[PDB]
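S.K.: Got run22.pdb for you, PDB, C-alpha atoms and all ligand atoms:
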```pdb
ATOM      1  CA  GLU A   3      34.568  14.728 -36.177  1.00  0.00           C
ATOM      2  CA  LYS A   4      33.093  12.927 -33.107  1.00  0.00           C
ATOM      3  CA  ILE A   5      34.290   9.844 -31.234  1.00  0.00           C
ATOM      4  CA  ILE A   6      32.589   7.318 -28.931  1.00  0.00           C
ATOM      5  CA  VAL A   7      34.340   6.922 -25.545  1.00  0.00           C
ATOM      6  CA  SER A   8      33.927   4.304 -22.739  1.00  0.00           C
ATOM      7  CA  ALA A   9      31.894   6.211 -20.106  1.00  0.00           C
ATOM      8  CA  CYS A  10      34.267   5.087 -17.312  1.00  0.00           C
ATOM      9  CA  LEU A  11      37.221   6.824 -19.121  1.00  0.00           C
ATOM     10  CA  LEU A  12      35.244  10.090 -18.812  1.00  0.00           C
ATOM     11  CA  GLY A  13      34.945   9.625 -14.997  1.00  0.00           C
ATOM     12  CA  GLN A  14      31.435   8.130 -14.908  1.00  0.00           C
ATOM     13  CA  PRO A  15      30.990   5.647 -12.037  1.00  0.00           C
ATOM     14  CA  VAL A  16      29.642   2.844 -14.269  1.00  0.00           C
ATOM     15  CA  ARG A  17      32.355   0.153 -13.695  1.00  0.00           C
ATOM     16  CA  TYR A  18      31.314  -3.248 -12.246  1.00  0.00           C
ATOM     17  CA  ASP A  19      32.442  -2.010  -8.783  1.00  0.00           C
ATOM     18  CA  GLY A  20      30.886   1.463  -9.070  1.00  0.00           C
ATOM     19  CA  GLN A  21      34.335   2.989  -9.724  1.00  0.00           C
ATOM     20  CA  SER A  22      35.375   5.208 -12.649  1.00  0.00           C
ATOM     21  CA  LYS A  23      38.539   5.065 -14.792  1.00  0.00           C
ATOM     22  CA  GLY A  24      38.832   8.801 -15.396  1.00  0.00           C
ATOM     23  CA  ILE A  25      41.924   9.557 -17.413  1.00  0.00           C
ATOM     24  CA  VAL A  26      43.958  12.728 -17.169  1.00  0.00           C
ATOM     25  CA  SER A  27      44.198  14.186 -20.643  1.00  0.00           C
ATOM     26  CA  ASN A  28      44.075  17.834 -21.728  1.00  0.00           C
ATOM     27  CA  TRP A  29      43.256  16.623 -25.265  1.00  0.00           C
ATOM     28  CA  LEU A  30      40.296  14.442 -24.146  1.00  0.00           C
ATOM     29  CA  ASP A  31      39.046  17.303 -21.918  1.00  0.00           C
ATOM     30  CA  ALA A  32      39.146  19.706 -24.908  1.00  0.00           C
ATOM     31  CA  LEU A  33      37.362  17.194 -27.180  1.00  0.00           C
ATOM     32  CA  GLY A  34      34.616  16.801 -24.516  1.00  0.00           C
ATOM     33  CA  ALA A  35      34.320  20.595 -24.130  1.00  0.00           C
ATOM     34  CA  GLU A  36      33.617  20.784 -27.910  1.00  0.00           C
ATOM     35  CA  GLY A  37      30.799  18.176 -27.673  1.00  0.00           C
ATOM     36  CA  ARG A  38      32.858  15.661 -29.670  1.00  0.00           C
ATOM     37  CA  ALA A  39      33.387  12.845 -27.112  1.00  0.00           C
ATOM     38  CA  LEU A  40      30.206  10.794 -26.751  1.00  0.00           C
ATOM     39  CA  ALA A  41      30.146   8.808 -23.530  1.00  0.00           C
ATOM     40  CA  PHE A  42      28.834   5.259 -23.815  1.00  0.00           C
ATOM     41  CA  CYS A  43      28.915   2.208 -21.537  1.00  0.00           C
ATOM     42  CA  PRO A  44      27.966  -1.020 -23.345  1.00  0.00           C
ATOM     43  CA  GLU A  45      27.238  -2.962 -20.141  1.00  0.00           C
ATOM     44  CA  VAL A  46      24.863  -0.358 -18.679  1.00  0.00           C
ATOM     45  CA  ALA A  47      23.313   0.218 -22.154  1.00  0.00           C
ATOM     46  CA  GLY A  48      22.854  -3.573 -22.413  1.00  0.00           C
ATOM     47  CA  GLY A  49      20.787  -3.650 -19.205  1.00  0.00           C
ATOM     48  CA  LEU A  50      23.359  -4.591 -16.547  1.00  0.00           C
ATOM     49  CA  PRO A  51      23.189  -2.895 -13.136  1.00  0.00           C
ATOM     50  CA  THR A  52      25.952  -0.967 -11.263  1.00  0.00           C
ATOM     51  CA  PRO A  53      27.460  -2.660  -9.287  1.00  0.00           C
ATOM     52  CA  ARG A  54      27.483  -6.015 -11.119  1.00  0.00           C
ATOM     53  CA  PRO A  55      29.625  -9.156 -10.722  1.00  0.00           C
ATOM     54  CA  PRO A  56      32.907  -9.424 -12.673  1.00  0.00           C
ATOM     55  CA  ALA A  57      32.574 -11.203 -16.025  1.00  0.00           C
ATOM     56  CA  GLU A  58      34.975 -12.733 -18.521  1.00  0.00           C
ATOM     57  CA  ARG A  59      34.668 -13.878 -22.108  1.00  0.00           C
ATOM     58  CA  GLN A  60      34.718 -17.649 -22.741  1.00  0.00           C
ATOM     59  CA  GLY A  61      34.890 -17.509 -26.538  1.00  0.00           C
ATOM     60  CA  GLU A  62      31.619 -15.976 -27.808  1.00  0.00           C
ATOM     61  CA  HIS A  63      29.986 -16.312 -24.341  1.00  0.00           C
ATOM     62  CA  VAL A  64      30.436 -13.842 -21.461  1.00  0.00           C
ATOM     63  CA  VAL A  65      29.897 -15.313 -17.994  1.00  0.00           C
ATOM     64  CA  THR A  66      30.309 -14.399 -14.334  1.00  0.00           C
ATOM     65  CA  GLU A  67      32.407 -16.585 -11.938  1.00  0.00           C
ATOM     66  CA  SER A  68      29.188 -18.299 -10.770  1.00  0.00           C
ATOM     67  CA  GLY A  69      28.401 -19.372 -14.355  1.00  0.00           C
ATOM     68  CA  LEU A  70      25.627 -16.805 -15.006  1.00  0.00           C
ATOM     69  CA  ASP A  71      25.560 -16.136 -18.753  1.00  0.00           C
ATOM     70  CA  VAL A  72      25.418 -12.402 -19.513  1.00  0.00           C
ATOM     71  CA  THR A  73      26.174 -12.638 -23.273  1.00  0.00           C
ATOM     72  CA  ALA A  74      22.682 -11.268 -24.112  1.00  0.00           C
ATOM     73  CA  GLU A  75      23.402  -7.946 -22.357  1.00  0.00           C
ATOM     74  CA  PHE A  76      26.987  -7.724 -23.668  1.00  0.00           C
ATOM     75  CA  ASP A  77      25.780  -8.291 -27.274  1.00  0.00           C
ATOM     76  CA  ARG A  78      22.968  -5.747 -26.892  1.00  0.00           C
ATOM     77  CA  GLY A  79      25.414  -3.124 -25.566  1.00  0.00           C
ATOM     78  CA  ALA A  80      27.812  -3.806 -28.472  1.00  0.00           C
ATOM     79  CA  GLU A  81      24.957  -3.426 -31.026  1.00  0.00           C
ATOM     80  CA  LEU A  82      23.831  -0.160 -29.345  1.00  0.00           C
ATOM     81  CA  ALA A  83      27.448   1.160 -29.528  1.00  0.00           C
ATOM     82  CA  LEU A  84      27.446   0.371 -33.276  1.00  0.00           C
ATOM     83  CA  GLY A  85      23.981   2.000 -33.629  1.00  0.00           C
ATOM     84  CA  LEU A  86      25.224   5.203 -31.980  1.00  0.00           C
ATOM     85  CA  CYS A  87      28.308   5.254 -34.305  1.00  0.00           C
ATOM     86  CA  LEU A  88      26.197   4.736 -37.465  1.00  0.00           C
ATOM     87  CA  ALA A  89      23.650   7.398 -36.453  1.00  0.00           C
ATOM     88  CA  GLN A  90      26.326   9.985 -35.562  1.00  0.00           C
ATOM     89  CA  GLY A  91      28.776   9.117 -38.368  1.00  0.00           C
ATOM     90  CA  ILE A  92      31.479   8.092 -35.887  1.00  0.00           C
ATOM     91  CA  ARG A  93      34.543   6.233 -37.249  1.00  0.00           C
ATOM     92  CA  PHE A  94      36.729   6.149 -34.082  1.00  0.00           C
ATOM     93  CA  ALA A  95      36.290   4.741 -30.575  1.00  0.00           C
ATOM     94  CA  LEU A  96      38.332   5.228 -27.388  1.00  0.00           C
ATOM     95  CA  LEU A  97      37.541   2.209 -25.231  1.00  0.00           C
ATOM     96  CA  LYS A  98      38.779   0.898 -21.846  1.00  0.00           C
ATOM     97  CA  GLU A  99      41.574  -1.707 -22.065  1.00  0.00           C
ATOM     98  CA  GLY A 100      41.128  -5.247 -20.584  1.00  0.00           C
ATOM     99  CA  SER A 101      37.317  -5.163 -20.416  1.00  0.00           C
ATOM    100  CA  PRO A 102      35.143  -8.081 -21.676  1.00  0.00           C
ATOM    101  CA  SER A 103      33.187  -5.322 -23.557  1.00  0.00           C
ATOM    102  CA  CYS A 104      35.757  -2.537 -24.238  1.00  0.00           C
ATOM    103  CA  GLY A 105      39.156  -4.338 -24.316  1.00  0.00           C
ATOM    104  CA  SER A 106      41.108  -3.920 -27.573  1.00  0.00           C
ATOM    105  CA  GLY A 107      44.592  -5.399 -27.026  1.00  0.00           C
ATOM    106  CA  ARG A 108      43.970  -7.623 -23.992  1.00  0.00           C
ATOM    107  CA  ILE A 109      41.212  -9.285 -21.951  1.00  0.00           C
ATOM    108  CA  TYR A 110      41.063 -11.720 -19.011  1.00  0.00           C
ATOM    109  CA  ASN A 111      41.391 -15.356 -20.146  1.00  0.00           C
ATOM    110  CA  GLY A 112      37.985 -16.628 -18.944  1.00  0.00           C
ATOM    111  CA  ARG A 113      39.413 -18.685 -16.052  1.00  0.00           C
ATOM    112  CA  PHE A 114      38.818 -16.075 -13.272  1.00  0.00           C
ATOM    113  CA  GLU A 115      42.471 -16.256 -12.135  1.00  0.00           C
ATOM    114  CA  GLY A 116      43.689 -12.674 -12.855  1.00  0.00           C
ATOM    115  CA  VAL A 117      45.450 -13.768 -16.067  1.00  0.00           C
ATOM    116  CA  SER A 118      45.300 -11.583 -19.206  1.00  0.00           C
ATOM    117  CA  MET A 119      45.746 -12.698 -22.810  1.00  0.00           C
ATOM    118  CA  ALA A 120      45.785 -10.993 -26.241  1.00  0.00           C
ATOM    119  CA  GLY A 121      42.231 -10.312 -27.337  1.00  0.00           C
ATOM    120  CA  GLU A 122      39.306  -7.928 -27.520  1.00  0.00           C
ATOM    121  CA  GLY A 123      35.983  -7.246 -25.850  1.00  0.00           C
ATOM    122  CA  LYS A 124      32.589  -7.839 -27.481  1.00  0.00           C
ATOM    123  CA  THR A 125      31.989  -4.146 -28.284  1.00  0.00           C
ATOM    124  CA  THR A 126      35.511  -3.640 -29.739  1.00  0.00           C
ATOM    125  CA  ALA A 127      35.152  -6.746 -31.917  1.00  0.00           C
ATOM    126  CA  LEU A 128      31.797  -5.602 -33.373  1.00  0.00           C
ATOM    127  CA  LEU A 129      32.967  -2.014 -33.997  1.00  0.00           C
ATOM    128  CA  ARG A 130      36.170  -3.256 -35.728  1.00  0.00           C
ATOM    129  CA  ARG A 131      34.101  -5.685 -37.870  1.00  0.00           C
ATOM    130  CA  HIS A 132      32.083  -2.634 -39.090  1.00  0.00           C
ATOM    131  CA  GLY A 133      35.167  -0.526 -39.981  1.00  0.00           C
ATOM    132  CA  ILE A 134      35.345   1.562 -36.798  1.00  0.00           C
ATOM    133  CA  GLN A 135      38.885   2.075 -35.504  1.00  0.00           C
ATOM    134  CA  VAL A 136      39.189   1.292 -31.795  1.00  0.00           C
ATOM    135  CA  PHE A 137      41.982   2.694 -29.614  1.00  0.00           C
ATOM    136  CA  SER A 138      42.617   2.132 -25.889  1.00  0.00           C
ATOM    137  CA  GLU A 139      43.541   4.767 -23.241  1.00  0.00           C
ATOM    138  CA  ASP A 140      47.226   3.633 -23.848  1.00  0.00           C
ATOM    139  CA  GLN A 141      46.944   4.901 -27.507  1.00  0.00           C
ATOM    140  CA  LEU A 142      45.717   8.517 -27.032  1.00  0.00           C
ATOM    141  CA  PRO A 143      48.493   9.999 -29.264  1.00  0.00           C
ATOM    142  CA  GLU A 144      47.584   7.615 -32.110  1.00  0.00           C
ATOM    143  CA  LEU A 145      43.857   8.328 -31.677  1.00  0.00           C
ATOM    144  CA  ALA A 146      44.396  12.111 -31.533  1.00  0.00           C
ATOM    145  CA  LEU A 147      46.474  11.911 -34.730  1.00  0.00           C
ATOM    146  CA  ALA A 148      43.901   9.732 -36.557  1.00  0.00           C
ATOM    147  CA  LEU A 149      41.158  12.253 -35.664  1.00  0.00           C
ATOM    148  CA  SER A 150      43.274  15.332 -36.591  1.00  0.00           C
ATOM    149  CA  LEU A 151      44.208  13.949 -40.063  1.00  0.00           C
ATOM    150  CA  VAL A 152      40.604  14.350 -41.292  1.00  0.00           C
ATOM    151  CA  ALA A 153      39.968  17.799 -39.609  1.00  0.00           C
ATOM    152  CA  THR A 154      40.473  20.121 -42.633  1.00  0.00           C
TER     153      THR A 154
HETATM  154  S1  LIG B   1      31.525  -1.732 -20.113  1.00  0.00           S
HETATM  155 FE1  LIG B   1      33.273  -0.471 -20.950  1.00  0.00          FE
HETATM  156  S2  LIG B   1      32.546   1.723 -20.668  1.00  0.00           S
HETATM  157 FE2  LIG B   1      31.224   0.437 -19.297  1.00  0.00          FE
HETATM  158  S3  LIG B   1      32.320   0.538 -17.266  1.00  0.00           S
HETATM  159 FE3  LIG B   1      33.013  -1.406 -18.353  1.00  0.00          FE
HETATM  160  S4  LIG B   1      34.964  -0.768 -19.406  1.00  0.00           S
HETATM  161 FE4  LIG B   1      33.876   1.186 -18.858  1.00  0.00          FE
HETATM  162 CL    CL B   2      39.454  -2.678 -11.621  1.00  0.00          CL
HETATM  163 CL    CL B   3      42.077  -3.099 -16.245  1.00  0.00          CL
END
```
Would you write out, as structure tokens, the structure that this file holds?

M.R.:
Amino acid sequence: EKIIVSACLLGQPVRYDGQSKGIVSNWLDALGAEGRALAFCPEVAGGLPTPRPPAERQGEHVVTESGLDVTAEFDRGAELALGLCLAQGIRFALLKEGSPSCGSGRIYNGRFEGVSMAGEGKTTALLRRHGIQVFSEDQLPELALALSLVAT
């Protein structure tokens, strides 16, 4: 029935630079109009401000370029995303690609050099570990299908 969605994909200005990543989708707009797309930002939920410095995963740690360790906030935001899914009975997530929290197919490599690698963010990894299917904004058709199959 409902899905959890990265708040930036819904146009909320919660990105590290205060920007949004609002996607153009008639389907996502309709889902939101029905009260079925729950906005959530793991980094803001975890206690990080907006704006905030860029961060990259370095294995299980998440750090900024200056070496500040923000894993505590990233892990809290991931656990709150899981908590919202369990409370609302959500089995699907639409999360922002490339993010150290929301990435699902790729993330930055931890070297702060603009290089991506195959991998997932901290929130995606925890949701997948608990049986929640995570799709990126590049997989809207697949997500829409997965949600429609259980409708009747
Ligand atoms: S943590 Fe996820 S939802 Fe929040 S701004 Fe970053 S990519 Fe978007
Ligand atoms: Cl960006
Ligand atoms: Cl990106």

S.K.: Neighbours of ligand CL 2 (chain B) at 8 Å or closer, counting only C-alpha atoms and all ligand atoms: which residues, as a PDB file with C-alpha atoms, keeping the file's coordinate frame?

M.R.:
```pdb
ATOM      1  CA  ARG A  17      32.355   0.153 -13.695  1.00  0.00           C
ATOM      2  CA  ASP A  19      32.442  -2.010  -8.783  1.00  0.00           C
ATOM      3  CA  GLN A  21      34.335   2.989  -9.724  1.00  0.00           C
TER       4      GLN A  21
END
```

S.K.: One decimal, in Å: what's the spacing between CA of residue 40 (chain A) and CA of residue 93 (chain A)?

M.R.: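 Separating CA of residue 40 (chain A) from CA of residue 93 (chain A) is a distance of 12.2 Å.
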
S.K.: Residues at most 12 Å from ligand CL 3 (chain B), using all atoms listed in the file? Could they come as an MDAnalysis selection string?

M.R.: chainID A and resid 10:11 17:18 21:23 56 97:110 116:118 138:140

S.K.: Using the chain letters and numbering of this document, enumerate as a CSV table (one decimal) with C-alpha atoms, in the coordinates of the input the residues selected by the PyMOL selection byres (((chain A and resi 66) around 12) and not hetatm).

M.R.:
```
chain,number,residue,atom,x,y,z
A,18,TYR,CA,31.3,-3.2,-12.2
A,54,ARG,CA,27.5,-6.0,-11.1
A,55,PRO,CA,29.6,-9.2,-10.7
A,56,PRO,CA,32.9,-9.4,-12.7
A,57,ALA,CA,32.6,-11.2,-16.0
A,58,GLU,CA,35.0,-12.7,-18.5
A,59,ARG,CA,34.7,-13.9,-22.1
A,60,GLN,CA,34.7,-17.6,-22.7
A,63,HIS,CA,30.0,-16.3,-24.3
A,64,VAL,CA,30.4,-13.8,-21.5
A,65,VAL,CA,29.9,-15.3,-18.0
A,67,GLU,CA,32.4,-16.6,-11.9
A,68,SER,CA,29.2,-18.3,-10.8
A,69,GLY,CA,28.4,-19.4,-14.4
A,70,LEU,CA,25.6,-16.8,-15.0
A,71,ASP,CA,25.6,-16.1,-18.8
A,72,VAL,CA,25.4,-12.4,-19.5
A,73,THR,CA,26.2,-12.6,-23.3
A,76,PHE,CA,27.0,-7.7,-23.7
A,102,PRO,CA,35.1,-8.1,-21.7
A,112,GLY,CA,38.0,-16.6,-18.9
A,113,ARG,CA,39.4,-18.7,-16.1
A,114,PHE,CA,38.8,-16.1,-13.3
```

S.K.: Distance cut-off 9 Å, centre (41.0, 10.4, -34.8) in file coordinates, counting only C-alpha atoms: which residues qualify? Return them as a PyMOL selection string.

M.R.: chain A and resi 3-5+93-95+135+144-153

S.K.: So that I can check the surroundings of residue 48 (chain A), please list as a tab-separated table (two decimals) with C-alpha atoms, in the frame of the given file every protein, DNA and RNA residue that reaches within 12 Å of it, counting all atoms listed in the file and ignoring chain neighbours fewer than 2 positions away.

M.R.:
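The result, written out as out-v3.tsv:
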```tsv
chain	number	residue	atom	x	y	z
A	42	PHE	CA	28.83	5.26	-23.82
A	43	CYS	CA	28.92	2.21	-21.54
A	44	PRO	CA	27.97	-1.02	-23.34
A	45	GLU	CA	27.24	-2.96	-20.14
A	46	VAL	CA	24.86	-0.36	-18.68
A	50	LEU	CA	23.36	-4.59	-16.55
A	51	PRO	CA	23.19	-2.90	-13.14
A	52	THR	CA	25.95	-0.97	-11.26
A	72	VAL	CA	25.42	-12.40	-19.51
A	73	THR	CA	26.17	-12.64	-23.27
A	74	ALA	CA	22.68	-11.27	-24.11
A	75	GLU	CA	23.40	-7.95	-22.36
A	76	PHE	CA	26.99	-7.72	-23.67
A	77	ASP	CA	25.78	-8.29	-27.27
A	78	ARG	CA	22.97	-5.75	-26.89
A	79	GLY	CA	25.41	-3.12	-25.57
A	80	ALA	CA	27.81	-3.81	-28.47
A	81	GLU	CA	24.96	-3.43	-31.03
A	82	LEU	CA	23.83	-0.16	-29.34
A	83	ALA	CA	27.45	1.16	-29.53
A	103	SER	CA	33.19	-5.32	-23.56
A	124	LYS	CA	32.59	-7.84	-27.48
A	125	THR	CA	31.99	-4.15	-28.28
```

S.K.: Extending 5 Å beyond the listed atoms of ligand LIG 1 (chain B) on each side, what axis-aligned box results? I want centre and edge lengths in Å to one decimal, as JSON.

M.R.:
```
{"center_x": 33.1, "center_y": 0.0, "center_z": -19.1, "size_x": 13.7, "size_y": 13.5, "size_z": 13.7}
```

S.K.: For ligand LIG 1 (chain B), which residue among A:123, A:133, A:91, A:61 is the nearest when counting all atoms listed in the file?

M.R.: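 Once distances to ligand LIG 1 (chain B) are computed over all atoms listed in the file, the minimum belongs to A:123.
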
S.K.: Of the candidates A:85, A:126, A:92, A:33, which shows the shortest atom-to-atom distance to ligand LIG 1 (chain B), using only C-alpha atoms and all ligand atoms?

M.R.: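 The closest residue to ligand LIG 1 (chain B) is A:126.
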